[PDB]
Amino acid sequence: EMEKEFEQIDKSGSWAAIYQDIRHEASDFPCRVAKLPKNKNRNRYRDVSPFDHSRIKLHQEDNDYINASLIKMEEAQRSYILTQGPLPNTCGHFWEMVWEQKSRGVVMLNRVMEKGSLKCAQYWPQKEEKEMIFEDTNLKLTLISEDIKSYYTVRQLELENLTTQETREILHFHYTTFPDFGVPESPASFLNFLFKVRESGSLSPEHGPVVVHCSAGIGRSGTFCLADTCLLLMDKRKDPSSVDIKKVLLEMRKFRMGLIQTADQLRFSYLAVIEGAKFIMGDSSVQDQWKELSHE
Ligand code: VO4
C-alpha cells in the first residue's frame with residue numbers, strides 16, 4: 002500500500018535508493034532515428050531521445066522526426082504524448098504533431114526562461130493581434146483568450162490548417178510555478194492544476210492524446226503523467242491499494258526514457274497521488290481545499 006510504503010521509505014531515508022532502483026530496472030530501447038545526423042538539430046538535449054518504437058512520426062514527406070513519444074497506458078486507457086520544449090526550428094513540427102494527432106490540449110510545465118536560460122521557444126502567440134504563421138508546416142495559430150491565475154495560465158488558441166482552412170481550438174495549460182530546484186510548492190497546487198486539465202476535456206478518449214512537455218519532456222512531464230494515470234487507475238478499480246506507483250512508472254518508461262528525473266520528484270509523485278486519492282474515494286470537498294490552498 003502507498004502511504005505505508007511512503008512513511009517506511011521516509012523513515013528509512015531511502016528515496017535516493019528507491020529511485021536509483023527504478024533507474025536500474027528501466028527499459029532500454031534503440032533511438033536510432035533520433036540519432037541520425039540529419040536530426041541533430043531537432044533535439045534539445047543530447048541525452049534525451051524518443052525510442053524508435055514509440056516515437057511520434059510527422060506525416061511530413063521530408064523528414065518525419067520530432068523528439069516526442071507516445072506513452073500508451075493500456076490498463077488506464079489514457080494516452081499522453083511527451084515531448085521536449087520546441088526549438089526555434091521545430092515550432093512548426095510541434096503544431097503539425099498537435100494537428101495530426103488530433104490533440105485538444107497542450108500542458109506546459111515550464112517557463113520559457115528558467116535559471117537564466119532559454120528552456121523553450123516562444124511557440125504560441127502572446128497577443129490576440131499578432132497571430133503566428135508556421136511556413137514550413139502551413140499552420141496558423143492565434144491567441145483567442147487567456148485566463149491568468151496565480152501560478153498557472155489557461156489559453157485558448159485557434160489552430161488553422163492553412164492547407165485546408167480547417168480550424169481547431171487548442172487549450173494551453175501553462176503551469177508557471179514549479180520551482181527552479183526542488184518540487185512544486187505543495188501537492189495541492191499541482192493537483193489543482195491537473196484537475197483543471199481533466200475538467201477541460203483535454204484528456205477524454207474522444208480526443209487525440211494530450212501533449213505534455215517541460216524543457217526535456219521527462220521530469221515534470223513524468224510527474225504529471227504518473228500522478229494522472231495512478232489516480233485514474235485507482236478510480237477505475239476504486240481500490241487505492243492495488244496501485245503500484247513504481248510499477249506504473251516502469252511501465253511508462255517503456256515508452257520514453259528518464260521519466261521523473263530526481264528521487265525528490267518521485268517522493269512528490271507519491272505525495273500527489275496519496276493526496277489526490279482523497280478525492281477519488283468519495284471526498285468531493287478536498288478539491289475545493291486545493292483550490293484555496295493553491296491561492297490561484
Ligand atoms: O525540462 V524537464 O524533463 O527536466 O522537468
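Going by the UniProt record's numbering, the sequence shown opens with residue 2, and the numbers climb by one from there.
From the three backbone atoms N, C-alpha and C, an ideal C-beta is built for every residue, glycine too.
- Nearest-angstrom beta carbon gap, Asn-68 and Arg-47 [assumed within contact, 8 angstroms]: Position 46 of the sequence shown, counting from 1, holds the residue named residue 47. Position 67 of the sequence shown, counting from 1, holds the residue named residue 68. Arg-47 to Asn-68, Cβ: 11 angstroms. No contact.
- Rank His-54, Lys-12, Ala-273 and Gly-220 by C-alpha distance to the C-alpha of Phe-182 and give the top, closest one. The sequence position of residue 182 within the sequence shown is 181, counting from 1. Out of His-54, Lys-12, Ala-273 and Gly-220, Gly-220 has the C-alpha closest to the C-alpha of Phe-182.
- Neighbourhood of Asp-265 by C-beta distance below 6 angstroms, restricted to the same chain and skipping five residues each side: The residue given as residue 265 occupies position 264 in the sequence shown. Only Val-184 meet the Cβ criterion.
- Item | Beta-carbon separation (whole angstroms), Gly-93 vs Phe-135, contact threshold 8 angstroms | Against the sequence shown, residue 93 aligns to sequence position 92. Against the sequence shown, residue 135 aligns to sequence position 134. Sure, about 4 angstroms apart at Cβ, within 8 angstroms.
- Apply the 10 Å Cβ neighbour rule to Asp-148 and answer buried if 16 or more other Cβ atoms are within range, or exposed otherwise. Numbered from 1 along the sequence shown, position 147 holds the residue referred to as residue 148. Looking at its Cβ environment, which holds fewer than 16 other Cβ atoms inside 10 Å, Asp-148 is exposed.
- Message: I need the straight-line Cα distance from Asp-245 to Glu-101, nearest angstrom please.
- Response: In the sequence shown, counting from the first residue as 1, residue 245 sits at position 244. In the sequence shown, counting from the first residue as 1, residue 101 sits at position 100. Distance from the CA atom of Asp-245 to the CA atom of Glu-101, rounded to whole angstroms, is 33 angstroms.
- Would you call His-175 buried or exposed, if buried means 16 or more other Cβ atoms sit within 10 Å of its Cβ? As a first step, residue 175 is located in the sequence shown; it is residue number 174 there, counting from the start. Result: buried.
- Query: When every heavy atom of the ligand VO4 is checked, does at least one fall within less than 6 angstroms of the C-beta of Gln-61?
  - Reply: Here residue 61 refers to the residue found at position 60 when the sequence shown is read from its first residue. In this structure, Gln-61 has its CB at a distance of at least 6 angstroms from all heavy atoms of the ligand VO4.
- Message: the ligand VO4 and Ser-118: does any heavy atom of the ligand fall closer than 6 angstroms to the residue's C-beta?
- Response: As a first step, residue 118 must be located in the sequence shown, where it is residue number 117. Incorrect: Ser-118 has no Cβ contact closer than 6 angstroms to the ligand VO4.
- Below 7 angstroms CB to CB, which residues in the same chain sit around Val-34 once its five sequence neighbours on both sides are set aside? Position 33 of the sequence shown holds residue 34. Here the set comprises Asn-40, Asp-53, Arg-56 and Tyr-66.
- Pick helix, strand or coil for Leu-172, following the three-state DSSP scheme. Taking the sequence shown and counting its residues from 1, one reaches residue 172 at position 171. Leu-172 falls in the strand class under three-state DSSP.
- Query: Under a three-way DSSP split, which group does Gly-106 fall into?
  - Reply: Taking the first residue of the sequence shown as position 1, residue 106 is located at position 105. Reduced to three states, the DSSP call for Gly-106 is strand.
- Which class does residue 301 belong to by DSSP, given the choice of helix, strand or coil? No statement about residue 301 is possible, as the shown extent of the chain runs from 2 to 297 and does not include it.
- Item | Beta-carbon proximity list for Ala-77, same chain, < 6 angstroms, skipping 5 on both sides | The count along the sequence shown starts at 1 and reaches residue 77 at position 76. Here the set comprises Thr-230, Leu-233 and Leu-234.
- Query: Distance, Cα to Cα, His-296 vs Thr-164?
  - Reply: As a first step, residue 296 must be located in the sequence shown, where it is residue number 295. As a first step, residue 164 must be located in the sequence shown, where it is residue number 163. If I take the Cα positions, the gap works out to 43 angstroms.
- Out of curiosity, what's the CA-to-CA distance linking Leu-71 and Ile-10? The residue you call residue 71 lines up with position 70 of the sequence shown. The residue you call residue 10 lines up with position 9 of the sequence shown. The straight-line gap from Cα to Cα measures roughly 31 angstroms.
- Message: Quick test of your reading: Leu-110 and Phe-179, contact by CB under 8 angstroms. State the CB separation rounded to the nearest angstrom.
- Response: Here the question's residue 110 lines up with position 109 in the sequence shown. Here the question's residue 179 lines up with position 178 in the sequence shown. Right, their Cβ atoms sit about 6 angstroms apart.
- Query: Quick one: is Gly-218 buried, meaning 16 or more other Cβ sit within 10 Å of its Cβ, or exposed?
  - Reply: On the sequence shown, residue 218 is found 217 positions in, with the first residue counted as 1. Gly-218 should be labelled buried.
- Query: Straight-line CA distance for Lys-239 to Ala-278?
  - Reply: As a first step, residue 239 must be located in the sequence shown, where it is residue number 238. As a first step, residue 278 must be located in the sequence shown, where it is residue number 277. Between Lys-239 and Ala-278, the C-alpha separation is close to 10 angstroms.
- Sequence-distant residues of its chain with Cβ nearer than 7 angstroms to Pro-126 (five each side left out): As a first step, residue 126 must be located in the sequence shown, where it is residue number 125. Contacts found: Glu-132, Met-133, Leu-142, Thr-143 and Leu-144.
- Going by the C-beta, is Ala-217 closer than 6 angstroms to any heavy atom of the ligand VO4? For this step, residue 217 is matched to residue 216 along the sequence shown. Yes, since a heavy atom of the ligand VO4 falls inside the 6 angstroms radius drawn around the Cβ of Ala-217.
- Alpha carbon to alpha carbon, how far is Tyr-81 from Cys-226? Give it in angstroms, no decimals. Sequence index remark: in the sequence shown, residue 226 carries index 225 (1-based). Sequence index remark: in the sequence shown, residue 81 carries index 80 (1-based). Their Cα atoms are separated by approximately 7 angstroms.
- Any idea what DSSP makes of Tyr-20, helix, strand or coil? Walking along the sequence shown from the start, residue 20 turns up at place 19. DSSP places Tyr-20 in helix when its eight states are reduced to three.
- Sequence-distant residues of the same chain with beta carbon closer than 7 angstroms to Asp-137, five excluded per side: On the sequence shown, position 136 is the one that residue 137 refers to. For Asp-137, where only same-chain residues beyond five positions count, the Cβ hits under 7 angstroms are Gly-93.
- Query: Would you say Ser-50 reaches chain D, if we count a Cβ-Cβ gap shorter than 7 angstroms as a contact?
  - Reply: As a matter of chain content, chain D is missing from the structure shown, which is built from one protein chain.
- Message: According to DSSP, simplified to helix, strand and coil, what is residue 301?
- Response: Because the chain here runs from 2 to 297, residue 301 falls outside it and cannot be looked at.
- Query: Would you call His-214 buried or exposed, if buried means 16 or more other Cβ atoms sit within 10 Å of its Cβ?
  - Reply: Here residue 214 refers to the residue found at position 213 when the sequence shown is read from its first residue. Burial call: buried.
- Query: Taking 6 angstroms as the cut-off, is the CB of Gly-220 close to at least one heavy atom of the ligand VO4?
  - Reply: By one-based count along the sequence shown, residue 220 stands at place 219. For the ligand VO4, at least one heavy atom lies less than 6 angstroms from the Cβ of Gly-220.
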